[PDB]
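J.: Using the entry's author numbering, the first residue of the sequence shown is number 1, and each one after it goes up by one.
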Amino acid sequence: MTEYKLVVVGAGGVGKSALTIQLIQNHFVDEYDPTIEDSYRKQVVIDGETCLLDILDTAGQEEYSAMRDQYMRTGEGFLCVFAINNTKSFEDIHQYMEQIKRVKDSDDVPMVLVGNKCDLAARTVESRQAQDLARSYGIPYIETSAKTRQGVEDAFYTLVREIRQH
Ligand SMILES: Nc1nc2c(ncn2[C@@H]2O[C@H](COP(=O)(O)OP(=O)(O)NP(=O)(O)O)[C@@H](O)[C@H]2O)c(=O)[nH]1
Ligand SMILES: [Ca+2]
Ligand SMILES: [Ca+2]
Ligand SMILES: [Mg+2]
Ligand SMILES: [Mg+2]
């Protein structure tokens, strides 16, 4: 079957794992559990076609810089996650997206910009700001809550469609 090599990237704590676990395991559990590197392979049906999502859940730590080049080199499309209540994570996601371009020698890499934690009241990143960033890359912006599941399928399936129609 067709495989989509998806990589979830973003600063520590933005909800990369929570999003992936909501997608794959249909649940949210509030807990502290930093990622080293986890892989999820899940056979789904998207628009009537069977495909394998191979999802790489990465670490937010800025100390794992070299291991970052390697999964960007081999990843197909990128879920670029920040949290809407964390301005620093929004500045950081710009750096991740530039790094993807450098490692992959392309500004045509399928990406979705994801503003996660949209259930929380203390928003510090306005949607329009994120929209402008995504527009400059030519990519979609989608807000998500791993807690409520709002937008989670949207974000991941939109990334798949961005690859499929690349
Ligand atoms: N309210 C709310 N909390 C969320 C959401 N997504 C994640 N969290 C919470 O935010 C914290 C960090 O989530 P986590 O998924 O571990 O983040 P991460 O980006 O994978 N971290 P790391 O880079 O260290 O692996 C956890 O307490 C988690 O429950 C969300 O959509 N809403
Ligand atoms: Ca290069
Ligand atoms: Ca598009
Ligand atoms: Mg994680
Ligand atoms: Mg181009």
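Ideal placement from N, C-alpha and C gives every residue a C-beta, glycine not left out.
Applying the 10 Å Cβ sphere with the 16-neighbour rule, what's the burial state of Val29?
T.: Residue 29 sits at position 29 when you count from the first residue of the sequence shown. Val29 is exposed by the Cβ-count criterion.
J.: Among the residues of its own chain, which have a CB less than 7 Å from the CB of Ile163, if the five just before and after it don't count?
T.: Translated into positions along the sequence shown, residue 163 becomes position 163. Result list for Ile163: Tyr4, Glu76, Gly77 and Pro110, in chain order.
J.: Evaluate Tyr96 with the Cβ neighbour count: other Cβ atoms within 10 Å of its Cβ, from every protein chain shown; 16 or more gives buried, anything less gives exposed.
T.: Taking the first residue of the sequence shown as 1, we reach residue 96 at position 96. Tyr96 comes out buried.
J.: Have a look at residue 193 and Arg123 and give me their C-alpha separation to the nearest angstrom.
T.: With the chain represented from 1 up to 166, any question about residue 193 goes unanswered, as that position is not in the structure.
J.: Applying the 10 Å Cβ sphere with the 16-neighbour rule, what's the burial state of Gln165?
T.: By one-based count along the sequence shown, residue 165 stands at place 165. Exposed is the call here.
J.: Of the choices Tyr157, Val44, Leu120 and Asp107, whose alpha-carbon is the least far from that of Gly138?
T.: Locating residue 138 in the sequence shown gives position 138, counting from the first residue. Cα-wise, what sits closest to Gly138 is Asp107.
J.: Return the residue from the list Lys147, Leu56 and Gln61 that minimises the CA-CA distance to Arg73.
T.: Mapped onto the sequence shown, residue 73 falls at position 73. The residue with the shortest Cα to Cα distance from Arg73 is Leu56.
J.: Would you mind reading off the limits of the alpha helix (DSSP H) that contains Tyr157?
T.: The count along the sequence shown starts at 1 and reaches residue 157 at position 157. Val152 to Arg164 is the span of the alpha helix (DSSP H), which, as asked, contains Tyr157.
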